[PDB]
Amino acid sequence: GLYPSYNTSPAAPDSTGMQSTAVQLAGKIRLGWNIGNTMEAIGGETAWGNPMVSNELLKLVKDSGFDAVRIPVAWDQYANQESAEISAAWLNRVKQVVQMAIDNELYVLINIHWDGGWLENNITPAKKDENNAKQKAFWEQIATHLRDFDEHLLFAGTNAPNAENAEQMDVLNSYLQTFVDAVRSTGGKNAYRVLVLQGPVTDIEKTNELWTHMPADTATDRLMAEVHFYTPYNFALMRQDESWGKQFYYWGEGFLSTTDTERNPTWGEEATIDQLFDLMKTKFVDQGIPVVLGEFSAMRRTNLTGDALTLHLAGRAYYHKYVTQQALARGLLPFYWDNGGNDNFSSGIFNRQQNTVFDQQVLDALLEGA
């Protein structure tokens, strides 16, 4: 015991308002939004340029057509590093935000995010035992504190764990088992709550190659799997050319350039996307396990001008419609990555500071795709 037990008030199993299976829950969610660069920001909730989450932002997200939110949360910067005790004020603030999302009729997925890298960059034998102790300490405290919410609240163990081979997968499987067991041990509605488990780097290919088994659960049929999607990188996140490839400015049948053809895609087009989602339909969906697509988005290139600017924005939108539609046909639940920015290379579709829509084009695209 590197840390004290934080499972000091376990409750009797309770299935009141927890009656859906993972499959039945997935059936109610077609379109999700990440509260990005907010509760997981290093230095505090407002340290990366966004305001504190408000009832009126969450009301906008619902009234705009979203069924759910993913809330990345930071934890380690708020904890005593001797005891792994998390600040009681932070635990109360996260509870308050969950309460507000549930009051607006959203499903809610809370995680431990990158969180400064303590677990995420450390999927190794050297770090396995200390990280298993922290994972257990933090999840005992988070689940105890959020124990009383109904099935609108889901928990996700990790974000994008850096596991690249089989030895790293075994280490991750251990991390994921410590999660499940910590949650169930606190015994509320947490006896039956749907938990979400992350594939290696939440990458589709690595997950296809390396994924073996889902963790063991005292509960029956209450697990989903998680991947993310920034494919192709050159289009969605690349901000400068390298020896190994060029930024793509344009995407999709119908929206390719005739004047500027090096800035069209050399790979990662409609058919590749179809192929990638199919791998997750076979491994998980066809086998009674829903798949959360926890993060996707291509960034705005508002440094372009003229017909270049207009063609980029037309393909950028189609990219978002196509991903959403094709994800949902295969049983993947699409959650849009929104960092809140409205400047060059950002992903915010709302203006957080005025609670208005900033990018009506991409919002329309996600809804048409849904």
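A residue's number is simply how far along the shown sequence it sits, counting from 1.
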Looking at the entry, does 281-289 or 87-95 show the higher mean C-alpha B-factor?
-> 281-289
Mean temperature factor over C-alpha atoms, higher-scoring stretch between 116-124 and 205-213 = 205-213
Given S297, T258, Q77, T178, the residue at which the Cα B factor reaches its maximum | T258
Highest Cα B-factor in the deposition, which of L57, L304, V323, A41?
-> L304
Ranked against its chain, the third holding the CA B-factor of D129 | middle
Name the third of the chain's ranked CA B-factors that contains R70, choosing lowest, middle or highest.
-> lowest
Tertile call for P51 (CA temperature factor, within chain, third-based) is the lowest
Chain-wide C-alpha B factor ranking for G331, given as lowest, middle or highest third = middle
Where the record places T310 (Cα B-factor, split into thirds across the chain) | highest
